[PDB]
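For reference, the structure is listed below as structure tokens.
What is reported rests on the model, the rules as stated and the sources as named; no laboratory read-out is quoted. Every residue, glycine among them, receives a Cβ derived from its backbone with ideal geometry; neighbour counts consider all protein chains shown.
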Ligand SMILES: CN(C)c1nc(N2CCCC2)nc2ccccc12
Ligand SMILES: [Cl-]
């Protein structure tokens, strides 16, 4: 650990639209806001006009451009981007102060990929080469940065949700957090770092062993928590959970928050819920705890999130006083996805060199006077490798 003072407060954005870092590409430098995505492995940037892009990468204006003369087709969940592969010199201004040659995918066509008014123009895929496209021989950005410079094979992410909804303009003002490249910044967390092993180097896959709602165990075969696979994914908004796990949690959260009642749509993430300015009854909503496999035999540790995390602020401007929120937990056929919602509670260390992911309580996590996110351990769990789906 130490102090990485230029890289602190370098991200902007929100859970609904993603978090981005300023990068430059080419000679002379072309500035672009790039989404930080731990759930993919391509460095891909808008390279042609699009209604939602205010600017883009212009290969014709860069002396250091080289065409790799291959195309790339990445289907997204719904829609796609299509790219022309190449290489160019790449920097991060509020970054490690080193320029590297990297594979860049010049996006030329795309559908349902860019977000309207998002203020990012590309994607920095930080995952491993195994899920890069067209295949693993395309070296990802981070692999290249390590090999070309002296930077340690490790990065860390502090995503900072504000307590309230942010406009298009306010996202640029409001600080969104920190990506630390090549290290761990001691001032971005309190208490201790607890590490879970990375199960496989493709996505950042982890093993969840136990789940609690206000200390109340969900009491399932822990294969159901990792049903298919569990991942840490900055490019996903919600905490996504498998079907059986999702329903059991919703029932448990409903019951704990029974002081009030909410429509069925709220629990399916569609309808807003709204209280008067400041009177959000956080105390009636329960904390959610995920136990992760520790790197010692028969040890787990616990990350605990608040309703401040799993209820995203979203404005309506129908009575502009009210504080409104959407339910930021949802169903998955992927297995568990620990999106921005979860990550906004914690400082997450991606220790690729030692094949593990660290968790600590974020200094910027949103909370009231009487509660706070936690990272706690150890806990003697038995048969934790049987929680893995294989
Ligand atoms: C930031 N997340 C939520 C993303 N949203 C969308 N939008 C969802 C509706 C249209 C596109 N596209 C992405 C593409 C890559 C990585 C993250 C995201
Ligand atoms: Cl989502």
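Quick rundown of the values:
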quantity: Single residue of 16, 86, 117 found to be within 16 Å of ligand 2 (Cβ to nearest atom) and either in a loop (DSSP other than H, G, I, E, B) or surrounded by fewer than 22 Cβ atoms within 10 Å (Cβ to Cβ) (or both); calculated: 16
quantity: Options 171, 175; residue that is within 16 Å of ligand 1 (Cβ to nearest atom), surrounded by fewer than 23 Cβ atoms within 10 Å (Cβ to Cβ) and not assigned by CATH to the domain that holds residue 133; calculated: 171
quantity: Test: residue in the stretch 56-63 that is touching a strand residue (DSSP E or B) at 6+ places or on another chain (Cβ under 9 Å), assigned to a helix (DSSP H, G or I) and not assigned by CATH to the domain that holds residue 236; calculated: yes
quantity: Residues (part of a strand (DSSP E or B), away from ligand 2 (no atom under 16 Å from the Cβ) and touching a strand residue (DSSP E or B) at 6+ places or on another chain (Cβ under 7 Å)) located in the stretch 1-13; calculated: 11, 12
quantity: Spans of strands (runs of 3 or more DSSP E) in the stretch 328-390 with at least 2 residues under 21 Å from residue 293 (Cα atoms) and touching a strand residue (DSSP E or B) at 6+ places or on another chain (Cβ under 6 Å); calculated: 346-351, 356-362, 374-379
quantity: Hits in the stretch 230-242 (condition: more than 16 Å from ligand 1 (Cβ to nearest atom) and out of contact with any strand residue (DSSP E or B) (no Cβ under 6 Å at 6 or more places or on another chain)); calculated: 241, 242
quantity: Unique residue being assigned by CATH to the domain that holds residue 212, surrounded by fewer than 21 Cβ atoms within 10 Å (Cβ to Cβ), within 16 Å of ligand 1 (Cβ to nearest atom) and within 19 Å of residue 17 (Cβ to Cβ) when the list is 337, 314; calculated: 314
quantity: Criterion: over 19 Å from residue 386 (Cα atoms) and without any contact (Cβ under 8 Å) to a residue 60 or more places away in the chain - qualifying residue of 224, 270; calculated: 270
quantity: Subset of the stretch 37-49 that is away from ligand 2 (no atom under 16 Å from the Cβ) and in contact (Cβ under 8 Å) with a residue 60 or more places away in the chain - its residue that is farthest from residue 111 (Cα to Cα); calculated: 41
quantity: Residue tally, condition away from ligand 1 (no atom under 16 Å from the Cβ) and closer than 19 Å to residue 183 by Cα, over the stretch 23-47; calculated: 0
quantity: Qualifying residues in the stretch 206-219 (those that are in contact with a strand residue (DSSP E or B) (Cβ under 8 Å, 6 or more places away or on another chain) and part of a loop (DSSP other than H, G, I, E, B)) - the one nearest to residue 123 (Cα to Cα); calculated: 207
quantity: Per-region count, the stretch 235-277, residues within 15 Å of ligand 2 (Cβ to nearest atom) and within 12 Å of residue 332 (Cα to Cα); calculated: 7
quantity: Some residue of the stretch 98-111 being away from ligand 1 (no atom under 16 Å from the Cβ), assigned to a loop (DSSP other than H, G, I, E, B) and touching a strand residue (DSSP E or B) at 6+ places or on another chain (Cβ under 7 Å); calculated: yes
quantity: Residues being touching a strand residue (DSSP E or B) at 6+ places or on another chain (Cβ under 9 Å), over 17 Å from residue 183 (Cβ atoms) and assigned to a loop (DSSP other than H, G, I, E, B) - total across the stretch 134-167; calculated: 11
quantity: Residue in the stretch 13-22 that is more than 13 Å from ligand 1 (Cβ to nearest atom) and free of Cβ contacts under 8 Å to residues at least 24 places away in the same chain present; calculated: no
